[PDB]
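The chain below stands alone and is given as structure tokens, in the form deposited without the partner chain.
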């Protein structure tokens, strides 16, 4: 009803999940100002999302996304040029406007074998905060940071969501691809791959075998390599709609 209408609104809040939205309703929380008068029942996450609800509603225009990409890119370099950083998502794909900033990151020091180098990620983030770019944090793991950011006003920009993922270097390309999408693109590709006797996921590419249940990840030093495994011409990001 006009109330379910409430669970619907809430959920429109980054952090506000359903079961998470649900309870707040049993607490008498329905509208937003309801929320502002009730930070205390909210986590840090939900809290931030509420804090920026509006801005979060806006799309990011590629002119913006661009500068955003320059900043993140030139900072990560100054820390350690052995650092690899790829802004994925629809934008990578030429998209005109984007929802958020999805940053993929890796380092030679870090591989799927190590599995423990928080500092690697942390470091960058820190660097950005210092820069005044990242502005808040919703969540922050050893391998994945999710937060807020904002272009440097010279006078002001909205706050954009931004994500960072630390990927082991030997799994990174499968990753860029995967995070590059579209979803169809991926679906089709995984479908083809299958024909070719290959299994693909956001992490690896693995030859199959009898009965089908098989694997043993092949080496990937670039996206191209994937296309090569399954011997398909290489599609640049743009021609990736499907």
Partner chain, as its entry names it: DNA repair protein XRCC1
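Positions refer to the first chain, counted from 1. Only the largest set of C-alpha atoms that superpose within 1.5 Å between the two forms is called the rigid core.
Once the structures in 7 other deposited structures of this protein are superposed via the core, the pair 179 to 187 and 208 to 216 is resolved in favour of 208 to 216 as the more displaced stretch (C-alpha RMS).
Root-mean-square C-alpha deviation from the shown form, taken over all structures in 7 other deposited structures of this protein superposed by the rigid core, is larger for 26 to 34 than for the alternative among 169 to 177 and 26 to 34.
The modelled chain breaks after residue 155 and resumes at residue 156, leaving 1 to 3 residues of the deposited sequence without coordinates. Comparing 42 to 50 with 188 to 196, the stretch with the higher mean C-alpha B-factor in the PDB entry is 188 to 196. The PDB entry records a higher mean C-alpha B factor for 105 to 113 than for its counterpart among 105 to 113 and 121 to 129.
Within the group 180, 204, 31, 69, the record's highest C-alpha temperature factor is found at 31. Among the modelled residues of its chain, residue 232 has a C-alpha B-factor that falls in the middle third, as given in the PDB entry. Sort the modelled residues of the chain by CA B factor and residue 62 lands in the lowest third. Among all modelled residues in its chain, residue 92 ranks in the lowest third by Cα B-factor.
Per-chain ranking of the deposited C-alpha B factor places residue 217 in the middle third.
When the modelled residues of the chain are ordered by C-alpha B-factor, residue 169 sits in the middle third.
Only in words, not in the display: the form solved in complex with the partner chain, which the text now covers.
Put simply, residue 198 is close to the partner chain in the deposited complex: some heavy atom of it is within 4.5 Å. The shortest heavy atom separation between residue 31 and the partner chain in the deposited complex exceeds 4.5 Å. Among residues of the shown chain, residue 194 is not one whose heavy atoms approach the partner chain to within 4.5 Å in the deposited complex. Contact between residue 216 and the partner chain in the deposited complex is found at the 4.5 Å heavy atom cutoff. Of the candidate stretches 173 to 181, 35 to 43, 206 to 214, 54 to 62, only 206 to 214 contains residues with a heavy atom within 4.5 Å of the partner chain in the deposited complex.
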